[PDB]
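**Student:**
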Amino acid sequence: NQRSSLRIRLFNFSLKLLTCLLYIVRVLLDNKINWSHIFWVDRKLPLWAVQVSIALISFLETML
Amino acid sequence: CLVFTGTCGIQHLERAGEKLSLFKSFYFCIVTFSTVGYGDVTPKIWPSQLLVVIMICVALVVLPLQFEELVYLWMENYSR
Amino acid sequence: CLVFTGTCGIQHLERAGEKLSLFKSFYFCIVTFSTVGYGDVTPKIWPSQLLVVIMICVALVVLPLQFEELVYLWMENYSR
């Protein structure tokens, strides 16, 4: 299809916009070679939950 | 897209040594791909240098291939 | 024309932090578009960086299009 194929790519496109733009906000709030600050990083819980839901949709889009 | 990836990784690594902001990192990243080389803001960490080298290496792969593909089309009507 | 615009805005912004002259700013501006990257004179302010990035971004738009348009004519008589 031409119409329906354009919508699923728009959904997968605009989903991946949100995850990148949500990553900007959590960086703005969080604040020897320290690997403490590199990996163990207190990401926000409400902004984490939206990133997981987008990940589950895009994981299922690859499965389909 | 490559500009955003550099600003993420460098700033995230820079939390260990000299806390740069997104504003200060975006200045540094777009400078490195434009090839000015200010070096006023710099990576002062073992993995931060390791990334910034890879950012420049990945930039050397991308930039010349995109400019050549643009001029390929540029070489070769009435509107509504 | 783009050289004058950079020297205006940067020097005007630099009155807030480290007062540069027109002589010192013209050195910095023509260095950034030639792509040497000295960084001895630098922008040390929130909007000064924001401009200098846009100066380099606007330079990336202009410079390659002007060089390509020059070589386009250069590829293709007796005086009075």
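Residue numbers (the authors' numbering), protein chains in the order written: chain H, 87 to 117, 140 to 172; chain P, 259 to 334, 341 to 344; chain Z, 259 to 334, 341 to 344.
Cβ coordinates follow ideal geometry from the N, Cα and C atoms, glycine included.
With respect to the alpha helix (DSSP H) encompassing residue 282 of chain Z, which residues constitute its N-terminal and C-terminal limits?
**Tutor:** As a first step, residue 282 of chain Z is located in the third sequence; it is residue number 24 there, counting from the start. Its alpha helix (DSSP H) spans residues 280–292.
**Student:** Find the residues of chain Z that neighbour residue 297 of chain P, judging by a C-beta separation of less than 9 Å, and give them in chain order.
**Tutor:** Start at 1 with the first residue of the second sequence, and residue 297 of chain P comes out as number 39. Per Cβ cutoff of 9 Å: 295 and 297.
**Student:** State whether the segment 291–307 of chain P contacts the segment 259–272 of chain Z, with contact taken as three or more CB pairs (one from each stretch) at a distance under 8 Å.
**Tutor:** Short answer: they don't touch.
**Student:** Which same chain residues end up closer than 7 Å to residue 288 of chain Z when comparing Cβ atoms and leaving out the 5 residues on each side of it in sequence?
**Tutor:** For the purposes of this step, residue 288 of chain Z is taken as the residue at position 30 of the third sequence. Only 261 meet the Cβ criterion.
**Student:** Counting only beta-carbon separations shorter than 8 Å, does residue 288 of chain Z have a partner in chain P?
**Tutor:** Working through the third sequence from its first residue, we reach residue 288 of chain Z at position 30. False, the Cβ-Cβ gap to chain P never drops below 8 Å.
**Student:** Is the segment 155–168 of chain H close to the segment 294–302 of chain P, with three or more CB pairs under 8 Å?
**Tutor:** Result no; under three Cβ-Cβ pairs closer than 8 Å.
**Student:** Of all the options P:344, P:315, P:333 and P:303, which has the alpha carbon lying nearest to the alpha carbon of residue 141 of chain H?
**Tutor:** For the purposes of this step, residue 141 of chain H is taken as residue 33 along the first sequence, with counting starting at 1. With distances taken between Cα atoms, residue 141 of chain H lies closest to P:303.
**Student:** Give the secondary structure of residue 273 of chain P by DSSP, where H, G and I count as helix, E and B as strand, and everything else as coil.
**Tutor:** Taking the second sequence and counting its residues from 1, one reaches residue 273 of chain P at position 15. Looking at residue 273 of chain P - three-state DSSP - the assignment turns out to be coil, as it is neither helix nor strand.
**Student:** Once DSSP output is grouped into helix, strand and coil, what is the label at residue 264 of chain P?
**Tutor:** Counted from its first residue, the second sequence places residue 264 of chain P at position 6. Here residue 264 of chain P sits in helix by DSSP.
**Student:** Check the C-beta distance from residue 102 of chain H over to residue 115 of chain H and give it rounded, since I have them as a contact under 8 Å.
**Tutor:** Taking the first residue of the first sequence as position 1, residue 102 of chain H is located at position 16. Taking the first residue of the first sequence as position 1, residue 115 of chain H is located at position 29. Their Cβ separation, rounded to whole angstroms, is 22 Å, which puts residue 102 of chain H and residue 115 of chain H out of contact at 8 Å.
**Student:** Going by DSSP, what residue range makes up the alpha helix (DSSP H) through residue 334 of chain Z?
**Tutor:** Locating residue 334 of chain Z in the third sequence gives position 76, where the first residue counts as 1. Neither: residue 334 of chain Z is in no alpha helix (DSSP H) and is coded neither H nor E.
**Student:** If we ignore side chains and look at the alpha-carbon of each, how far apart do residue 113 of chain H and residue 299 of chain P end up?
**Tutor:** Along the first sequence, one-based indexing puts residue 113 of chain H at 27. Along the second sequence, one-based indexing puts residue 299 of chain P at 41. Computed Cα separation, rounded: 19 Å.
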